């Protein structure tokens, strides 16, 4: 449970998104900046603008991995294996901060794809980000 229809709204989801995913990363954070302020300590560096190329090249990145991850629901643990450990682990990136970042993209998500965005699109995603977070937290675990 990575479960088939889960997987099959997840990618359909994912899929309406496209080249927007870029967009959504950084609206994401744009976003957890201002709405779960304690996260902002991770982003020392980081001209969190407002809307700032810092966030942007970042926002770039949290969705390119998103996007992979969408496209191979079986082998996340071998998939995230670089990034499970940046985060976990070297980053050390409170778990109570993942559930954070993930609500804010289902906002985001859910703000832009309300036609397509169903309790079922809604649940399969929730869950997917759900299946994200538990991989990149393994340190822990």
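Numbering follows the first chain given and starts at 1.
Trainee: Averaging CA B factors per stretch from the PDB record, which one is higher: 28-36 or 109-117?
Mentor: Mean C-alpha B-factor is greater for 28-36.
Trainee: Identify, among 100, 69, 48, 83, the residue whose C-alpha carries the highest B-factor in the deposited PDB entry.
Mentor: If I rank 100, 69, 48, 83 by C-alpha B-factor, first place goes to 69.
Trainee: Check where residue 44 lands among this chain's C-alpha B-factors and tell me if it's the lowest, middle or highest third.
Mentor: For residue 44, whose C-alpha B-factor we compare with every modelled residue in the chain, the answer is the lowest third.
Trainee: Report the third (lowest, middle or highest) to which the CA temperature factor of residue 8 belongs, ranking only the modelled residues of the same chain.
Mentor: Ranked within chain, residue 8 CA B lands in the highest tercile.
Trainee: For residue 54, return the chain-relative third of its C-alpha B-factor as stated in the PDB record: lowest, middle or highest.
Mentor: Within its chain, residue 54 is a middle-third residue by C-alpha B-factor, going by the deposited values.
Trainee: Sort the modelled residues of this chain by their C-alpha B factor and say whether residue 130 lands in the lowest, middle or highest third.
Mentor: Its C-alpha B-factor belongs to the highest third of this chain's values.
Trainee: Could you place residue 73 in the lowest, middle or highest third of its chain by Cα temperature factor, using the values in the record?
Mentor: According to the entry, residue 73 has a C-alpha B-factor in the chain's highest third.
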